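Okay, structure first, notes after.
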Amino acid sequence: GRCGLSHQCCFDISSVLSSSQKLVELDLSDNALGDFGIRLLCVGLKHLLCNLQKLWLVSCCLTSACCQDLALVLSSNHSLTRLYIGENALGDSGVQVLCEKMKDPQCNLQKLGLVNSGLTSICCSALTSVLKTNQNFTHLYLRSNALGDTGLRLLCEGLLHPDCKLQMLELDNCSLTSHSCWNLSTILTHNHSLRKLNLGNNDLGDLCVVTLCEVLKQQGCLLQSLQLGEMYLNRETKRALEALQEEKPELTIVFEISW
Amino acid sequence: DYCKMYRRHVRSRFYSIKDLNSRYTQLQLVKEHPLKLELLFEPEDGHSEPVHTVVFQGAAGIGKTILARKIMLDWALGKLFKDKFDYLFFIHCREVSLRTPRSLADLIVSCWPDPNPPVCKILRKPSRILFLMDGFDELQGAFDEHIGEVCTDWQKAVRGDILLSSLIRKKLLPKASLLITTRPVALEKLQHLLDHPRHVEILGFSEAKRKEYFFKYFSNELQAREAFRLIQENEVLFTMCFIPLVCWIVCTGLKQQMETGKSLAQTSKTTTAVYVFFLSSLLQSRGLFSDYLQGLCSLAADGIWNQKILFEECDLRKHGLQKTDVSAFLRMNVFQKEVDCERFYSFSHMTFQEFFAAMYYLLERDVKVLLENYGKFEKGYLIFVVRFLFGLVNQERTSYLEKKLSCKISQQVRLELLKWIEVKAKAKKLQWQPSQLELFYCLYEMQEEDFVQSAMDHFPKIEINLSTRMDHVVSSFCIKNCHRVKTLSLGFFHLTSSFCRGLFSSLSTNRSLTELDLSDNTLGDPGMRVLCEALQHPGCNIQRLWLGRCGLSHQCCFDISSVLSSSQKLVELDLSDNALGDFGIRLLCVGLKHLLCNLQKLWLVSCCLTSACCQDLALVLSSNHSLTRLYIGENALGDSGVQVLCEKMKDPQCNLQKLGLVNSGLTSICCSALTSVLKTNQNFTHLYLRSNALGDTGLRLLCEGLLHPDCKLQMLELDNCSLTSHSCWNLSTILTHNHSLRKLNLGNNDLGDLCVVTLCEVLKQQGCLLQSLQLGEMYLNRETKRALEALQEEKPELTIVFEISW
């Protein structure tokens, strides 16, 4: 991670990923594995039978032009189930590939960190497809992404598929109308989809957290936690939020903004 | 060259309008953003570097076009006007409202063409052209004022659509200043449209210069004083005397009454009431006219219904009831045709037009589409329409009008309004939709007890912001008729003694149930004095009083002490961000202890006090037992109160659950006092040390305080410190020895990788804490993250660690 590294390692590590029967995770972080070395990586992964568990391509300066190969190796292998691609240089136009990674069950990809993407609508539509179809898809770490209200709306529409087991989820950056959060809370009430959630730099307004605290107040939607940061909202929101946890510890915590 | 002949044309246009030169009193221009028309357009680099435009606002119906005309004529005459500009063009959009694609339109009377190309040539170097466009509210069409699809040429000689040429000229490459006049109903179309503008509010008649206007309008002796003072003696009509349209309509409406005599202040309650009285006074000797009024009525409203505000010299009227009655109407309404100056007929300020629209539904369509279309931009905001509708639907006025006009009126509309009220009760988008203030206007204007009660039942909480005394009165009226309203938040935007006294004598009638907030509002010297006399009477009063960030000072202290003595309903009282410096904390504490009060919370957060009052806080805390939640949040105290801090809770049965703390000074002694309280005091659930210069020895002796078993201390926090990564180990081990707390936070604590490594090991083996733990802002290496992300899924006992960034 962050090591002085380049494309050359790719074939090498592919070779050892083939010949290794002991490695269970391998991290490639902040290292200039630009592209086509991701191809060498994926061919090394799929060609033999390897007991790989994690695979981190975080901040590796790749593009969508290798995501198809990532999907191929993900379909072929089943040992790999934890695939961070964290906020590298991809986004839209990989969206069809993003979906067809998990277009069927038995993919076995528990967590899937995501990227600073581009056009929200199509990628979040692929996310809805994976959420409604794929089993054991425990996390979806969309973070610092230009995702819109329509995007997250169709995301909760993806949550509308019941029996979809999706644990901890996150929507970091967005600008929504304060009914969308109401839809997600109500859909959690309808079915205990996830456990916690984060809202980061989301400009949501007082009424947003007001609806949030009411819906959690009456048989709370989520059951574990919720994290809110960096708002300058008025303080009767704080009074309502500080009230509700002591009567109901179901919402174990809301991350207090500053006070 | 061209300037002179048209500056005389505009002088001729605006001199004759009434005169109005010696008939004017200055109104108020205000820009708070928390005036002087001279040099209104400073582009100075304080906060207005690139700006080019201002929007005029104010109370409903100022005659605003009149003020535009006054500015126009003032420049035309000069009057010490340093000419920053070569032309100010008055656009009467009430006429430009047509759909016709028109080019630059500097001709109005269709005179010989202006030097339009050389006018375009005197553009590039001097930006001394300006267009005072007015009546933006009357841009008709299909309520389509979104972003322009197609731009226009800079020469402006192209006869493009004003939607596609003029609007984009405003939007991009304007090259000239801009001033637009309209009401705040539904303008955001043009403001989400990027302009980088300012806004200024216009305020009508204050008492003194309203008297000046009365003197200037009336003759100096015939009616200048006695009428003024007799309408002064009215408890109302001084609420509306602020509004200029009311003053202009009572000044013109009372010169017909000396022929009758002593009929001035009668039947004068509300805007609808005075409009009805004025219309009846004008139409007194007319009854014949029963059909003429209906014919004019059944056509006036279509000006905004079909959205053809212009009558085309009243050719639609030529179809509908054109007789000598039209000549009589024009003669008594001189400002109908003369404003157009060539052929055309219209109304004065469309307010009598909306009154006639209310008359329409009074006489005999469907109410469904109107209430659906409420406040839109197709039938014309419907604001004054529904205002007069509510004013009329009052049952006494219903009977009076059904007898006067020989007309049947439906009572279903009353229910429709009801339905509407529940709908706007359930409308969560109240920021970009009509507020609660005009609903209050309407319910006041319709004066029905049970109806106002039912309307208020749908609203458990009120959010308004007072600007007019009319706002104060309508708020008082509605609030004194509430039973299903819990919280009453009020926005004061400035005497106020009696206003708020009424506002909360309404709460004295709200004894059914109430809750109060007054935050981020500057209660003056008697602003403190309000709500004290209100809380000083028994009954059912506010359970929880809020005064946070309010303009407040030492004076309130004694006052609130008094009400804290005389109140048996308050359970919490907040004093936040308010300059209750010191010795007012003494007044607070003496008020608390002297009597028996059921106080629960007490927030002195960010009140600029010192340790010199903490002893008094401890005395009152020892005396009282009801108080158990005492925030002193990070105000200006610290060490040297430490002995007091301890001796607050030196014994049990103190009953102080939570105790927020302060940015303190010398750690050791204060945290020693904290150890004393932790080891001795029962039911001490929180200890919110935050943003404090607390040292490793400090927190070490704190965990030594935790060493006392059977000490019930819930959620705890240590925000800022620099510790060795064994101290955290001690706290975790002592939690393992005894389940002291539930969660903890570590904030800006620079702790090192080994710290969280020890943390995750000790929680890994039968975790110390049992609920949560919060960590923020570390740049630590990532195998710490792997260990922490691992442990929760195998053991959810530590339900969460706040992830730093990933």
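Residue numbers (the entry's author numbering), protein chains in the order written: chain L, 775 to 1033; chain A, 131 to 148, 159 to 174, 199 to 451, 457 to 533, 554 to 683, 722 to 1033. Positions of the beta carbon are idealized from the N, C-alpha and C atoms, including for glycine.
Does any residue of chain L have a CB that is nearer than 7 Å to the CB of residue i?
i, result
"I812 of chain A", "no"
"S999 of chain A", "yes"
Is the separation between the beta-carbon of residue i and that of residue j shorter than 7 Å?
i, j, result
"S891 of chain L", "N919 of chain L", "yes"
"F253 of chain A", "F295 of chain A", "yes"
"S853 of chain L", "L829 of chain L", "no"
"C824 of chain A", "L791 of chain A", "yes"
"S959 of chain L", "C995 of chain L", "yes"
"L926 of chain A", "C948 of chain A", "yes"
"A388 of chain A", "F379 of chain A", "yes"
"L743 of chain A", "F681 of chain A", "no"
"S794 of chain L", "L814 of chain L", "no"
"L167 of chain A", "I395 of chain A", "no"
Give a yes or no on whether the minimum CB-CB distance between residue i and chain A is below 7 Å.
i, result
"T912 of chain L", "no"
"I1027 of chain L", "yes"
Which same chain residues end up closer than 8 Å to residue i when comparing Cβ atoms and leaving out the 5 residues on each side of it in sequence?
i, result
"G312 of chain A", "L327, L328, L331, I332 and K335"
"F458 of chain A", "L447 and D494"
"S427 of chain A", "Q421"
"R776 of chain A", "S746, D747, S803, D804 and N805"
"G865 of chain L", "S838, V889, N890, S891, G892, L893 and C897"
DSSP has residue i in a bridge; who is on the other side?
i, result
"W830 of chain L", "L:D801 and L:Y858"
"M297 of chain A", "A:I255 and A:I344"
"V1028 of chain A", "A:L1000"
"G680 of chain A", "A:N654"
"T217 of chain A", "A:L342"
"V582 of chain A", "In DSSP, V582 of chain A forms no bridge with anything."
"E742 of chain A", "A:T676"
"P265 of chain A", "A:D325"
"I366 of chain A", "A:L169 and A:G222"
"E944 of chain L", "L:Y915"
"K885 of chain A", "A:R856"
"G754 of chain A", "Answer is none; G754 of chain A lacks a bridge partner."
"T749 of chain A", "A:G778"
"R771 of chain A", "A:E799"
"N976 of chain A", "DSSP lists no partner for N976 of chain A."
Can you tell which of the options has its C-alpha closest to the C-alpha of residue i?
i, options, result
"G811 of chain A", "A:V798, A:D843, A:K433 and A:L822", "A:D843"
"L204 of chain A", "A:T165, A:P174, A:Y145 and A:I235", "A:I235"
"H964 of chain L", "L:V790, L:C982, L:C938 and L:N976", "L:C938"
"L342 of chain A", "A:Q387, A:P879, A:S291 and A:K618", "A:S291"
"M528 of chain A", "A:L578, A:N670 and A:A806", "A:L578"
"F648 of chain A", "A:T316, A:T676, A:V904 and A:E627", "A:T676"
"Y136 of chain A", "A:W239, A:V984 and A:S624", "A:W239"
"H173 of chain A", "A:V364, A:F379, A:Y915 and A:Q505", "A:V364"
"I413 of chain A", "A:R362, A:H518 and A:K492", "A:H518"
"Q476 of chain A", "A:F307, A:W318, A:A497 and A:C405", "A:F307"
"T951 of chain A", "A:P281, A:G922 and A:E944", "A:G922"
"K243 of chain A", "A:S261, A:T749 and A:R141", "A:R141"
"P338 of chain A", "A:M404, A:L268, A:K565 and A:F369", "A:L268"
"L940 of chain L", "L:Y915, L:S954, L:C955 and L:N957", "L:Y915"
Excluding the five sequence neighbours on either side, which residues of its own chain have a C-beta within less than 7 Å of the C-beta of residue i, listed in chain order?
i, result
"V847 of chain L", "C816, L819 and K820"
"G808 of chain L", "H781, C835 and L836"
"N670 of chain A", "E638, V641, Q642 and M645"
"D752 of chain A", "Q782"
"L485 of chain A", "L468"
"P279 of chain A", "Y132"
"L929 of chain L", "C898, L901 and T902"
Apart from the five residues on each side of it in sequence, which residues of its chain come closer than 6 Å, Cβ to Cβ, to residue i?
i, result
"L1015 of chain L", "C987 and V1028"
"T345 of chain A", "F220, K228, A232 and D298"
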